[PDB]
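Peer 1: PDB entry and its sequence, pasted below:
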Amino acid sequence: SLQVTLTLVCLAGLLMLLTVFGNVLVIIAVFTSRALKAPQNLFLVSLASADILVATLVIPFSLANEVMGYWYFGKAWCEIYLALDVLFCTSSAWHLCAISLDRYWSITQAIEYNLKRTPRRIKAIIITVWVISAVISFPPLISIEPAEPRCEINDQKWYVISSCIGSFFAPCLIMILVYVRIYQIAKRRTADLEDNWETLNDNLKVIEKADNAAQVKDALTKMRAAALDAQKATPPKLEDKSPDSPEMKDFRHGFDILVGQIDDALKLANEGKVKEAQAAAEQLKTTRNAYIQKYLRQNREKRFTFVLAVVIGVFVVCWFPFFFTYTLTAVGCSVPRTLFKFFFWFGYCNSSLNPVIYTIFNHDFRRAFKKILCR
Ligand SMILES: CCS(=O)(=O)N1CCC[C@@H]2CN3CCc4cc(OC)ccc4[C@@H]3C[C@@H]21
């Protein structure tokens, strides 16, 4: 059917190998670590097990129907083929939605939800998501469309809408509405410390380009107020630490040292020694960066929620134009055949793009993959 064929099937086999290899590496990395992975990561193996299931049981049949024609072998072929092909996409979307709800509840109610985060509760959520995904994916007896039954799903004007908002749109909307609240909560929690940090930076730049003792003295006084205010804050890395913790003591003592160096710089500035005060300002800038800047980072939980956020973003980016045009055809809109094919082709390669996100943005997953590969 195509001018060249071996190139496309080698491409698809390359894609299937990447999906299987990456997702089975994720599953092994999650299950083999000695208390390094939590039950809240059980969803990551279900989403991974779905990606493997979509690489060995979904994309090869579509590849064959694309090159050799839609030669489905039996009516049960298109039946289970379209059923599992929609089930895996629906289960992936609802798994991402349940993950976003898991992060939201773990943030809002730490102690309470941590007590209800048992592996039994997580396994029950996974089974429930799989069950409701199989229910939503199952159509009301309108299966497809047995001599030459091309695996082309039915396109009812009022079934396309139900299936799309039941699989993609509702989970994506809910998970987006969840992560925007996660983003707002994080920024509201770090706003005051970021304000004090930006005040310290602006007054340091003022002293950098200052030319008289009045400017540097004023900036140092405002820095003293900013440093004392930031000292009473809780940095993002130490968000779950005690006041007697050595890092919290180091954070407090670091701003104590910064205030002391500001007092010394003010003693220099009041004597008219502008250049000496500016040099002391550069020294306390380095001291502040060396003492505090490591605590401005997020903890492991916040970094992983960001990783799951960009995973949701990749999932939406891969599947949105497909559902968008597939819904547009229901209300009377024209789309090219090759373009309409490549739109869900972007959704297929999401299964292989999912494991590599962990290697890019996470250090534990990348270390576990390196450990499995090296030894
Ligand atoms: C040519 C008819 S098709 O275009 O329908 N073709 C049938 C074979 C499988 C192909 C890829 N799968 C990806 C998952 C998916 C989910 C849907 O709702 C969630 C709806 C369709 C599909 C498509 C159908 C597509």
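Peer 2: Alright, I've got the coordinates. Residues are numbered from 1 along each chain as shown.
Peer 1: what does the stretch 101-250 of the chain have sitting close to the ligand?
Peer 2: 151-153, 163, 167 (C-beta under 6 Å from any ligand atom). Where you see a C-beta, it was placed from the backbone N, CA and C, and this is true even at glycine.
Peer 1: Whichever helix or strand residue 312 is part of packs against which elements?
Peer 2: Element membership for residue 312 (DSSP states H and E) is helix 300-328. If contacts are counted by 3 or more C-beta pairs under 8 Å, 6 or more residues apart in numbering; DSSP states H and E, helix 300-328 sits against helix 75-108, helix 160-164, helix 170-208, helix 337-348, helix 350-361.
Peer 1: Beyond the last one, next helix or strand please.
Peer 2: Of the helices and strands lying after helix 350-361 in sequence (DSSP H and E), the nearest is helix 363-374.
Peer 1: Could you pull out the buried residues of that next one?
Peer 2: Within helix 363-374, the residues scored as buried using 16 or more other C-beta atoms under 10 Å are 364-365, 368-369.
Peer 1: ok, now stretch 83-103?
Peer 2: Buried residues in stretch 83-103, defined by neighbour count with 16+ other C-beta under 10 Å: 83-100, 102-103.
Peer 1: same question, stretch 182-190
Peer 2: 182, 186, 190.
Peer 1: for those, which one is nearest the ligand?
Peer 2: Distance to the ligand across the buried residues of stretch 182-190 (C-beta to the nearest ligand atom) is lowest for residue 182, with 26.1 Å.
Peer 1: show me the contacts for that closest one.
Peer 2: The neighbours of residue 182, taking C-beta atoms under 8 Å, 6 or more residues apart in numbering as the test, are 100, 103-104, 107, 305, 309.
Peer 1: looking at this structure, which residue ends up farthest from its center?
Peer 2: Distance from the C-alpha centroid of the chain peaks at residue 271, with 53.6 Å (C-alpha atoms, centre = their mean).
Peer 1: how would you label that residue: helix, strand or coil?
Peer 2: The three-state label given to residue 271 by DSSP: H, G, I helix; E, B strand; the rest coil is coil.
Peer 1: Number the chain from 643, please
Peer 2: That works, and once the first residue is 643, the last one we named lands at residue 913.
Peer 1: Could you measure from it over to residue 863?
Peer 2: According to C-beta to C-beta, to the nearest Å, residue 913 and residue 863 sit 16 Å apart.
Peer 1: Likewise for residue 815?
Peer 2: From residue 815 over to residue 863 (counting by C-beta to C-beta), the distance is 50 Å.
Peer 1: My guess is residue 748 contacts residue 754. True?
Peer 2: No - applying C-beta atoms under 8 Å, one finds residue 748 not in contact with residue 754, separated by 9.9 Å.
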